[PDB]
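Peer 1: Before I ask anything, here is the structure I am working with.
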Amino acid sequence: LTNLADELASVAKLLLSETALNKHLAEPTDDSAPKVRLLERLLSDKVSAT
Amino acid sequence: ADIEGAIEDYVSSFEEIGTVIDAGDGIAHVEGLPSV
């Protein structure tokens, strides 16, 4: 749980810093596949699974 | 660093369907349709 909290805070920091990253991860598009693809691409191996 | 590549990749990736988000008295706003 502590690791989950820390990693969620880390991704919050990343989203705040990368405004463009936050804006595309936040677009209201119905298609989720592209978004998730950007996600893992930029963060999949750096954070736990949960 | 990897953000630029990662973000760029996204733009690149783009029978495609958009959705109306606003509508009124003749003007309608459609989210999506990246290739319109």
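Following the order of the structure tokens, chains are lettered A, B, ..., residues in each are numbered from 1, and ligands are numbered from 1.
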Pick out the chain A residues within 8 Å of chain B. Count only C-alpha atoms. Give them as JSON, numbers by chain.
Peer 2: {"A": [18, 20, 21, 28, 29, 34, 35, 38, 41, 42]}
Peer 1: Would you please extract all alpha helix (DSSP H) residues from region 8-47 of chain A, as assigned by DSSP on the backbone, and give them as an MDAnalysis selection string?
Peer 2: chainID A and resid 8:17 19:25 33:43
Peer 1: Please run DSSP on the backbone and report, as an NGL selection string, all residues within chain B that come out as strand (DSSP E).
Peer 2: :B and (19-24 or 27-31)
Peer 1: If we count only C-alpha atoms, what is near residue 49 (chain A) at a cut-off of 12 Å, once residues fewer than 6 positions away on the same chain are taken out, given as a short mmCIF file (atom, residue, chain, number, x, y, z; two decimals) with N, CA and C atoms, in the first residue's frame?
Peer 2:
```cif
data_model
loop_
_atom_site.label_atom_id
_atom_site.label_comp_id
_atom_site.auth_asym_id
_atom_site.auth_seq_id
_atom_site.Cartn_x
_atom_site.Cartn_y
_atom_site.Cartn_z
N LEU A 1 0.82 -1.20 0.00
CA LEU A 1 0.00 0.00 0.00
C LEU A 1 0.86 1.26 0.00
N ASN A 3 3.90 1.51 -1.22
CA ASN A 3 4.47 1.62 -2.55
C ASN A 3 3.44 2.13 -3.55
N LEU A 4 2.20 1.66 -3.44
CA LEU A 4 1.14 2.13 -4.32
C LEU A 4 0.91 3.63 -4.15
N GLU A 7 3.90 5.53 -5.68
CA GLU A 7 3.92 5.52 -7.14
C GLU A 7 2.78 6.35 -7.72
N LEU A 8 1.62 6.35 -7.06
CA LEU A 8 0.53 7.21 -7.51
C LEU A 8 0.91 8.68 -7.38
N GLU A 40 1.69 2.83 -20.86
CA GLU A 40 2.71 1.82 -20.64
C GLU A 40 3.99 2.24 -21.31
N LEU A 43 5.70 4.44 -19.01
CA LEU A 43 5.77 4.13 -17.58
C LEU A 43 5.56 2.69 -17.17
#
```
Peer 1: Using CA of residue 9 (chain A) and CA of residue 47 (chain A) as the two end points, give the distance in Å to one decimal.
Peer 2: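 A separation of 11.4 Å between them.
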Peer 1: Find the distance between CA of residue 46 (chain A) and CA of residue 22 (chain A) and write it in Å to one decimal.
Peer 2: 17.5 Å
